[PDB]
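A.B. asks: Can you keep this structure in mind? I'll have questions shortly.
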Amino acid sequence: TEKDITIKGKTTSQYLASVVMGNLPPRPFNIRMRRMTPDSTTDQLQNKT
Amino acid sequence: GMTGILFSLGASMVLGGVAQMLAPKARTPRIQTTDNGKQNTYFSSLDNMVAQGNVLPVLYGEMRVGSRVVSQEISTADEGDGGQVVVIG
């Protein structure tokens with residue numbers, strides 16, 4: 001894991017946030033992301049990333 | 001042969017002052033009306049100038065002073081200095 005992210009706000013607008021990292025490893029590589037909050041089950045929750 | 005017309009000049013030099021015969025005396029700057037009534041210093045620049053006409057200056061001790069700005073740029077910052085502590089709310 002290179003970096004974590006947590007958001008604890010309340011909004012209904014599409015909010016975009018930028019996070020930077022320093023690329024120490026050389027050579028072309030791959031980058032991935034994983035969501036820890038489980039997917040929505042009902043329509044009452046819509047936290048989509 | 002002979003070398004006439006010595007024409008001693010000890011009197012002429014004093015005509016401009018005697019303290020100048022041992023010290024060249026410090027130069028003085030001019031006064032700009034636009035810069036109110038402030039007096040410009042010849043050895044300090046508190047204001048931060050623009051890196052272009054002004055030659056690369058030199059420092060010789062103390063003197064919190066300005067600079068010659070080379071690049072000014074304003075952008076959008078990141079949320080988090082580093083580490084894993086990246087909370088927002």
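Identifiers in this document derive from the order of the structure tokens: chains are assigned A, B, ..., residues are numbered from 1 separately in each chain, and ligands are numbered from 1 in order of occurrence.
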Taking only C-alpha atoms into account, what are the residues of chain B at most 6 Å from chain A, put as a list in words?

C.D. replies: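 That gives the following set of residues: residues 78, 84, 86, 87, 88 and 89 of chain B.
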
A.B. asks: Let me see the file: selected residues, N, CA and C atoms, as a PDB file, in the first residue's frame.

C.D. replies:
```pdb
ATOM      1  N   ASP B  78      -2.200  20.156  -2.403  1.00  0.00           N
ATOM      2  CA  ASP B  78      -2.616  18.807  -2.055  1.00  0.00           C
ATOM      3  C   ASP B  78      -3.143  18.776  -0.626  1.00  0.00           C
ATOM      4  N   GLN B  84       0.496   8.496   6.170  1.00  0.00           N
ATOM      5  CA  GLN B  84      -0.812   7.888   5.985  1.00  0.00           C
ATOM      6  C   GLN B  84      -1.935   8.674   6.649  1.00  0.00           C
ATOM      7  N   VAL B  86      -4.275  11.188   6.318  1.00  0.00           N
ATOM      8  CA  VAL B  86      -4.795  11.899   5.156  1.00  0.00           C
ATOM      9  C   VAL B  86      -6.267  12.246   5.335  1.00  0.00           C
ATOM     10  N   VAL B  87      -6.702  12.440   6.581  1.00  0.00           N
ATOM     11  CA  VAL B  87      -8.116  12.685   6.828  1.00  0.00           C
ATOM     12  C   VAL B  87      -8.537  14.023   6.226  1.00  0.00           C
ATOM     13  N   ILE B  88      -9.815  14.118   5.867  1.00  0.00           N
ATOM     14  CA  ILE B  88     -10.403  15.339   5.329  1.00  0.00           C
ATOM     15  C   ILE B  88     -11.486  15.888   6.253  1.00  0.00           C
ATOM     16  N   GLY B  89     -12.425  15.042   6.662  1.00  0.00           N
ATOM     17  CA  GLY B  89     -13.524  15.477   7.504  1.00  0.00           C
ATOM     18  C   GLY B  89     -13.175  15.563   8.977  1.00  0.00           C
TER      19      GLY B  89
END
```

A.B. asks: Residues at most 9 Å from range 34-39 of chain A, counting only C-alpha atoms, excluding those fewer than 2 positions away in the same chain, as a PyMOL selection string?

C.D. replies: chain A and resi 32+41+46-49

A.B. asks: Generate the output file for the selected residues, N, CA and C atoms, as an mmCIF file, in the first residue's frame.

C.D. replies:
```
data_model
loop_
_atom_site.group_PDB
_atom_site.id
_atom_site.type_symbol
_atom_site.label_atom_id
_atom_site.label_comp_id
_atom_site.auth_asym_id
_atom_site.auth_seq_id
_atom_site.Cartn_x
_atom_site.Cartn_y
_atom_site.Cartn_z
ATOM 1 N N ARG A 32 -2.658 0.475 -8.797
ATOM 2 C CA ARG A 32 -4.011 -0.014 -8.582
ATOM 3 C C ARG A 32 -4.649 0.735 -7.423
ATOM 4 N N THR A 41 -26.003 -1.219 -1.027
ATOM 5 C CA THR A 41 -27.031 -2.247 -1.102
ATOM 6 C C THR A 41 -28.394 -1.672 -1.449
ATOM 7 N N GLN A 46 -25.306 6.256 -1.420
ATOM 8 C CA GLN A 46 -24.793 6.402 -2.776
ATOM 9 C C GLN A 46 -23.345 6.872 -2.782
ATOM 10 N N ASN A 47 -22.546 6.418 -1.819
ATOM 11 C CA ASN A 47 -21.143 6.802 -1.786
ATOM 12 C C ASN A 47 -20.381 6.070 -2.881
ATOM 13 N N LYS A 48 -20.352 6.645 -4.077
ATOM 14 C CA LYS A 48 -19.665 6.057 -5.216
ATOM 15 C C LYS A 48 -18.367 6.809 -5.461
ATOM 16 N N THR A 49 -17.269 6.069 -5.540
ATOM 17 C CA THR A 49 -15.954 6.628 -5.805
ATOM 18 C C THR A 49 -15.536 6.296 -7.229
#
```

A.B. asks: Skipping near chain neighbours, those fewer than 3 positions away, what residues fall within 9 Å of range 57-74 of chain B using only C-alpha atoms, listed as a VMD selection string?

C.D. replies: chain B and resid 44 to 52 54

A.B. asks: Distance CA of residue 31 in chain B-CA of residue 55 in chain B, one decimal place?

C.D. replies: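 Pair CA of residue 31 in chain B / CA of residue 55 in chain B returns 21.4 Å.
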
A.B. asks: With distances taken over only C-alpha atoms, which of A:24, A:16, A:29, A:11 is nearest to residue 79 in chain B?

C.D. replies: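 Of A:24, A:16, A:29, A:11, the one nearest residue 79 in chain B is A:16, counting only C-alpha atoms.
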
A.B. asks: If you measure from CA of residue 22 in chain A to CA of residue 77 in chain B, what distance in Å do you get, rounded to one decimal?

C.D. replies: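 A separation of 15.1 Å between them.
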
A.B. asks: Would you mind reading off the distance between CA of residue 18 in chain B and CA of residue 6 in chain B, one decimal, in Å?

C.D. replies: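 Atom-to-atom, CA of residue 18 in chain B to CA of residue 6 in chain B, that is 22.5 Å.
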